[PDB]
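The form deposited in one PDB entry is given below as one chain in structure tokens.
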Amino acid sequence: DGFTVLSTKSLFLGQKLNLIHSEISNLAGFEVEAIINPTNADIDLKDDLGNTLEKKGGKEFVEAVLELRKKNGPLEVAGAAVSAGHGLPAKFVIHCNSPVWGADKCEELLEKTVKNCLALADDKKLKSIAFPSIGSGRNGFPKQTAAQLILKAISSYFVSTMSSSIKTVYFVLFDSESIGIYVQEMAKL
């Protein structure tokens, strides 16, 4: 397949969390309704993932984001916004502007980003969403802290949003260490 399931876990309300291994690049061809693209204020798709979403999407999809750039403007911190996934199997791509490690209140802001992306899914009544590795790399969060926070916010959303469109959330990771941490953390419930 290119995608192999490494872990599972139901939450208190019955949503499934799946850990998947794959290169950041294959994410675009992954069968799931929404996909989270962490970029920046300018939603310029200028990194492996951005680029590969552009190759699998064609002009259709690149135009669609430039629309999203006009209509929305510069994306704020913890901001999330949508585009149609014209080329891809995903219906929508949820672009988000995560905070930077060492930013003021950056941990809450990372929780806030995650919730915003989830809100966006529910509001487009979507059934399954895939996270790649957020906060790590360009934003310099410690891998472990990012995973703690992200998992905490997701767990916090379903408990705080009584009935949601969202049935399945996937984590698509490539970094061996991050995989380790995610498996450990998912075992905390």
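Here the rigid core means the biggest group of C-alpha atoms that line up within 1.5 Å when the two forms are laid on top of each other. From 1 onward, residues are counted along the sequence shown.
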In terms of the CA temperature factor given in the entry, to which third of its chain does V62 belong: lowest, middle or highest?
middle
If you rank every modelled residue in this chain by C-alpha B factor, which third holds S176: lowest, middle or highest?
lowest
Rank-wise, by C-alpha B-factor, drop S136 into the lowest, middle or highest third of its chain.
highest
Just say lowest, middle or highest third for the CA B-factor of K55 relative to the other modelled residues in its chain.
highest
Ranked by Cα temperature factor within the chain, is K46 in the lowest third, the middle third or the highest third?
highest
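Keep in mind that the form deposited in another entry is not shown, yet the notes after this line are about it.
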Which of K59, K124, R138, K127 is displaced between the shown form and the other one by 2 angstroms or more at its C-alpha, rigid core aligned:
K59
Once both forms sit on the same rigid core, is the C-alpha displacement of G73 at or above 2 Å between the shown form and the other one?
no
Align both forms on the core first, then report whether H86 has a C-alpha shift of 2 Å or more between the shown form and the other one.
yes
Against the shown form, C-alpha atoms of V62 and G140 in the other form: closer or farther, for a change of 3 Å or more?
closer
Between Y157 and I181, does the Cα distance in the other form come out closer or farther than in this form, changing by 3 Å or more?
farther
